[PDB]
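Below you'll find the sequence and an experimental structure to go with it.
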Amino acid sequence: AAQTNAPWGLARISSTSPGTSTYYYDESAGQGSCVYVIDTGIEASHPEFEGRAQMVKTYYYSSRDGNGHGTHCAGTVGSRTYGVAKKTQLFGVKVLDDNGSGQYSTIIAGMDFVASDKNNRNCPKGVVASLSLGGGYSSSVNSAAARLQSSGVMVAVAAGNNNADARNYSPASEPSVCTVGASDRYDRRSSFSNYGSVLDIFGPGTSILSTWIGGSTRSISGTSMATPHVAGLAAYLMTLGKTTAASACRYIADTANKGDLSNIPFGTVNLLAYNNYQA
Ligand SMILES: [Ca+2]
């Protein structure tokens, strides 16, 4: 399939070169997979989700996304226009309030929730979780992410927006999950993107157009935006049968565009998420 005039990040993920505008992908499009977006929620009513999104959990007085950030991330995973995996099922877990903040204890509860909740969902092709959040180093937060991964979920987490080594942030620093840095449309490391040995992969993160609340759309930037490209890619690849939850981060790294990003610090992977789709 070909989507013309796609957001640059979608075009980038299916291209051996920057500077193109058509997204190419297998029509299966993540059908039969599921992606949890652990964030401020998802506006499930947004036409862009086509009934494929739903809220499954909140820790606050509402499951509504009163911020937009979760809706944006979910859009990059699986919206019809702005998404990588256009037929995946999206499940929202609201661990962040409408200010985009969340106590680590609530975030941890949300991760353990997903590990159990997948057993209540139909995801024959596999399960992914996208965590566009983080804070300072916490062994408990890392351990929760590790459990989620161990339970059979492909966990993708944001590296962070500190232009610093991600070893000092969680869940970014957890070795067993897929830690995602951000790049821009000219294949530069995004200026805010964290880096370091704990990174596994980069994805498009600067000036990313996606869904927003009130049935709208918005371009924003962050490792929060790169993460759902990788989560959606994992779901897409799992539907194709190319990989599994336990191996998807490795597979994505194995098949990534290599050595093409600029301003990658010595010791950080130079790998850009790529679907290796040949039309
Ligand atoms: Ca690893």
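That came through, no problem. Residues are numbered from 1 along each chain as shown.

mind listing what the nearest residue to residue 211 once chain neighbours are set aside touches?
Computed as Cβ to Cβ, 6 or more residues apart in numbering, the closest residue to residue 211 that is not its neighbour in sequence is residue 75, at 3.2 Å. C-beta here means a position set from N, CA and C on the backbone, and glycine is covered the same way. Listed by Cβ atoms under 8 Å, 6 or more residues apart in numbering, the contact set of residue 75 reads 46, 48, 49, 82, 83, 210, 211, 212, 217, 228.

Adding secondary structure and distance to residue 185, write those out as TSV.
TSV is the format used below for the contacts of residue 75 (DSSP: H, G, I helix; E, B strand; the rest coil; distance: Cβ to Cβ, whole Å):
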residue	secondary structure	distance to residue 185
46	coil	25
48	helix	22
49	helix	25
82	coil	15
83	coil	18
210	strand	15
211	strand	20
212	strand	20
217	strand	18
228	helix	17
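
nearest to residue 161, of these?
If you rank these by distance to residue 161 using Cβ to Cβ, residue 228 comes first, at 14.8 Å.

Show the contacting residues for the closest one.
Residues in contact with residue 228 (Cβ under 8 Å, 6+ apart) are 37, 73, 74, 75, 76, 77, 84, 130, 132, 156.

any idea which element the residue lying closest to it once chain neighbours are set aside lies in?
Among residues not flanking residue 228 along the chain, residue 76 sits closest, at 3.9 Å (Cβ to Cβ, 6+ apart). If you go by DSSP states H and E, residue 76 is part of helix 69-78.

Moving along the chain from that helix, name the first helix or strand you hit.
Remark: after helix 69-78, the chain's next helix or strand is strand 89-94, criterion DSSP H and E.
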